[PDB]
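Protein chains in written order, with the UniProt record's numbering: chain E, 117 to 130, 165 to 259, 267 to 466, 488 to 668, 683 to 910; chain B, 117 to 130, 165 to 259, 267 to 466, 488 to 668, 683 to 910.
Ideal Cβ placement from N, Cα and C applies to all residues, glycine included.
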Ligand SMILES: [Ca+2]
Ligand SMILES: [Ca+2]
Ligand SMILES: [Ca+2]
Ligand SMILES: [Ca+2]
């Protein structure tokens, strides 16, 4: 318990004499406006500040803001600038802290470099009362914990009009965004499960999967290794083909079109929603540009320029940034190589002959993810330092610029193994005659038995479950408690309670996870349905986890008022527009959908497909290995062996040309590229069409603000 | 000579008794505001109106508009709403006519259905003085004719600040737009001529043109006709190949990229320019929506609804519109067919044996253009009537909706023969074995000897010269003089002079020609450079022709104030965005650029190309015609004949497969589609990049309006 103030202060009680020389000069400028009283307690002393009344409408009339009025037509109170209330207890704690903070920034000798220098350690508003606790006189924060930030309440709606009142429009605007995103994930998950279960129903009705699961063919493939791998039968790995038909179903194409159109209609819905939320709170968006002070090393450098009394260096460090992006790109694939090459050629030295091929893939991906989790912090640090070097003008430019430079890095290292698996996996190996030897010592890399699509789906699967759901939430809960143990192992007053809390670190690491997750929703659902489902399961946990992090474990933000999410809308629209071309390439060049359609329409010799797998397998002759690249010990799976088969669209060896590129390769390639053109153009046009149709401003808000303006006129004239 | 009034009136002097019963009830409502006097002269009587002073600041204060002030910092006078002048002769004639016209619309019993009923025939402001003439006391219109609307002055700049003062911001804004477009055409024409002359320099240095112009091959082609055409030699038509290399030069690809980027930078330049023109005239764009009265059959239908006291029918008539678009599309190709089939199989009955093949093409295109010129008016009329049926709410909705429905029609019938020539010409004929017989009586259509690109370039050429430059300007001058002869063959006072002038008919037919011409600039310069040149030559003539049409042959517009061109910006951005994909298809599928690159990189057997024309020609055997489709009288050009050649990428007849589709067809097709993907994506990204880079608001205007706002504050507080 105490009396009723606004903003605290945290000095460091015992150079030092200049610390006290500035520590008693600033508040002398603070005497004229705000009545301060300093308190002396156990650990480190603090400074207290209570606002005085008659300067508060000086600041409330200094800036234009809307406050509640007395008149109400149609069951709803109007708002104008500042008049007609007269309560002396109607200024909420949030707005009081806003005004007091404006005085905290305005007067100079603000707290930018005064706080950033070392004399002051923390400047922050306090909260009313306490969550849970005992015998509390109806706290707002207790109410908010009891209705919003509990795991037991995840079905009831977001109380957005209260969280705006207690945290401000920025923090309120975030949870509104996450609410609309999770609400839009419901039909995505329903349609995802319907398409996947349509996949599950008709697995054993198709032709091309039966052709592999059939016995009595005795068809043999080439060993896919340099020295030590043997011949393998087609019907051996047939579960992977069964799951392949579970994933590259002809309903998934329709699901991809549905997802592009889904992302577009989500953009429309959210524009409309923040428009009505800009109605309900603050309508005149004309904040005065160049309002705050400049960034202090720009004033320092500017002072150096005035001592001396650059359009080369910003572009120079932008090129530095692009360099870092390029070797980030190659670094991801480097680390993926190291990961798949964690345990190579271990067939011999244990001599147990497991041949399980599971631990190499599983621990490859898991070790890979450990290196990505470890490296992400480094990239964040390079973003902060580089943006510090560039010397932006304001705080807004620092926030925006740092946001973009962090996003490119996390995009690159968080997505590049999936680009390597989905596209560039088994493209570049030659015929079984000659192999493409990278580094001139051994082979590049070979695909899975039965298609590289499985490695994409299980890699993508354990990223949607590994890093997103379990790892990130477990550290997101786990870190602040451990910082609490660190800060401990080295009747209580209010600010002494709030000092033990952790300081607040912006909204960028909390939007960031959601932009990357949105990238997982829209960029790779051409080859993997039911991804939204995983996004929804992560999302329900994320909203309440973040809410409990606000109410429980953090001190209060200072309630910066803004009217849109900002740069994140451009990032969402960019990613959602990039999704179309990458879905076209995933469908055509990966999904094995084009060769089946071409075989149905050009080499059928009947109505349907049969002998498709007979058609793809390019017969080879085992006499033509390059003196050592033969299988080292042939398995003798049957009596003998004469010819191995492989899938590359090449002519048989007995023809007058052997081991060249056939007609069918160019036919399939032409059909693939034609699909890319048609898909990209039609889906760009549809995704534009649902922008042109849906009204970007809502009607009810336009007519209601028009009626409010008219009634404001006819009420004002009297 | 007369006294000084604002707005005229034209009644029809002798049902009739109701005409006079309303003719003396409206002006009784006009007595209260504006002092009218009626005059009685020779032909038909008129009514005169002079404004009275003290109601003019009632209307000038009724609406907010900016007028000149007394203070001037930095050599330029400020503007605010209405004060501080006090001249009683400072209201220009344009603004006086604006206010008087607002009273003409406001009071009701406005002149919408009062003028549209039949009692009033014309309501219009008059002009001061007269152009040229004799002894005129420094007319504004004489000045404007002497500086702007004369053919002798086409090099000196547009006097935009005077034409705005005399005609208003709409008509001024148009000539600003045409000024910026013609100014942007200068480097387009320079680079066009440089690329074309680079084509002209190195004609006789290449390989594939020499291969056709070479003698001593004795290579013979198949006759390309059903019954009566003979074998023709390759070296016969070699001028057409010479011009083909003049057009599909590898510099034209660079010119196509340059044109897409040119269109984008033109958009940026014009956004910036109308922004500063919105600075110089009127800055607060907040015109009150729903300001004027509704459209009178919507009030009539609304009255019928109120007698009765539809979201199906508007969409029904939209589908009607789409139907009209579809048979417009097929109608263009129908009329093109009739045109090329004007004189078919005339080799026999004259028996002169000219074999000139010129008159069929030339008169085909000319007859085609006559039908398009004749049909365009019909499509315009269907646009007006259909838009009349749809019953829009306002005048603005009628203007916009009619604009769009006119544009789709003129787009379709004005472009469809060029789509037929550039794309679908010789694609769909089979091998010389079997032909694709449309209508089951005779062959479809065959390409030119030496490529269908020539027919595209000469058709496109005589549209850029035929319909654009000569036909349209000749009728645009020719029509109003003939209407003057018609109106004649059935000391003078001012309104009696202005009555002989022709009424003004909006800006839509004058923007329309320029949007279609812009379509000719950006949509087909992949296969035809130096098109801008023709656009520039048309454009210089067009600006002065239109200007002389405003000053000389038309009565005055009523000066509607607007702040942008409107729908035409969306139409320009749409066409300029459609240009990229159509340039990709013109380069790949028409320009014969891909097969030369593929032959250079895959079948070279050396460094360079030689025997390219040897490679393309698919040898055929003349024994395999279908019993009558043989050449009827073989020409006996040599001793005998055994095999004819043709260009379709098919295997020779002596192989184990004959007359099927070879490997090389799929190879070339795959390369073509790959070029479409790469070109479309990279040019979309560049055309976006020059939007992201260039600041869409100018800096000087932003800082200058900020300084104007600050100085307005510190001048207002005193
Ligand atoms: Ca998380
Ligand atoms: Ca989180
Ligand atoms: Ca013209
Ligand atoms: Ca014209």
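In chain order, the residues positioned with their C-beta nearer than 6 Å to some heavy atom of ligand 3 are 650/B, 651/B, 654/B, 705/B and 734/B.
Within the chosen limit of 6 Å, ligand 2 reaches the beta carbon of residue 738/E through at least one heavy atom. Pairwise C-beta distances place the region 537-553 of chain E out of contact with the region 423-441 of chain E, as fewer than three of them are shorter than 8 Å. For residue 347/E, not one C-beta of chain B is nearer than 7 Å to its own C-beta. For residue 702/E, the distance from the CB to the nearest heavy atom of ligand 2 is below 6 Å. Residue 780/E counts as buried, since no fewer than 16 other beta carbons sit within 10 angstroms of its beta carbon.
One finds 869 in chain B with Cβ atoms closer than 7 Å to the Cβ of residue 868/E, taken in chain order. When the beta-carbon positions are compared, residue 696/E and residue 737/E stay at least 7 Å from each other. Interface flag for residue 563/E against chain B is unset, since no Cβ pair is found closer than 7 Å. Under the Cβ criterion of 7 Å, residue 855/B is counted among the residues facing chain E. Here the region 776-791 of chain B makes contact with the region 855-867 of chain B; the two share three or more CB pairs at distances below 8 Å. Distance from the CA of residue 512/B to the CA of residue 496/B, rounded to the nearest whole angstrom, comes to 24 Å.
Under a criterion of Cβ atoms nearer than 8 Å, the residues of chain E adjacent to residue 861/B are, in order, 858 and 862.
Per DSSP, residue 719/E lies in no beta strand (DSSP E) segment and is marked neither H nor E.
In this structure the region 279-287 of chain E does not touch the region 710-719 of chain E; the number of beta carbon pairs closer than 8 Å is below three.
Any Cβ of chain E closer than 7 Å to the Cβ of residue 865/B would place that residue at the interface, and such an atom is present. Judged by DSSP in its simplified three-state form, residue 378/B adopts strand. With 16 or more other Cβ atoms inside 10 Å of its own Cβ, residue 321/B counts as buried. In the DSSP assignment, residue 250/B falls within the alpha helix (DSSP H) that extends over 243-256. Around residue 563/B, the same chain offers no residue with a beta carbon nearer than 6 Å, after the five sequence neighbours per side are excluded. Take residue 883/B, set aside five residues on each side of it, and the residues of its chain with a beta-carbon closer than 7 Å to its own are 421 and 425, in chain order. Ranked by Cα distance from residue 739/B, the first of 204/B, 305/B, 207/B and 188/B is 305/B. Residue 830/B: not part of any beta strand (DSSP E); DSSP gives it neither H nor E. In the same chain as residue 569/E, and ignoring 5 residues on each side of it, the C-beta atoms closer than 8 Å to its own belong to 452, 454, 455 and 458, in chain order.
With the rule of 3 Cβ pairs closer than 8 Å, the region 723-736 of chain E counts as touching the region 637-651 of chain E. With contacts defined by Cβ atoms closer than 7 Å, residue 365/E and residue 804/E form a contacting pair.
In the DSSP assignment, residue 217/B forms a beta bridge with 230/B. The distance from the Cβ of residue 776/E to that of residue 715/E is about 12 Å, inconsistent with a contact at the 8 Å cut-off. Contact check for residue 246/E and residue 184/E: beta-carbon distance about 11 Å, past the 8 Å limit, so the pair fails to qualify. By the criterion of a C-beta distance shorter than 7 Å, residue 827/E is surrounded in its chain by 387 and 388, once the five residues flanking it on both sides are discounted.
Note on residue 727/E: 16 or more other CB atoms within 10 angstroms of its CB, so buried under the neighbour-count rule.
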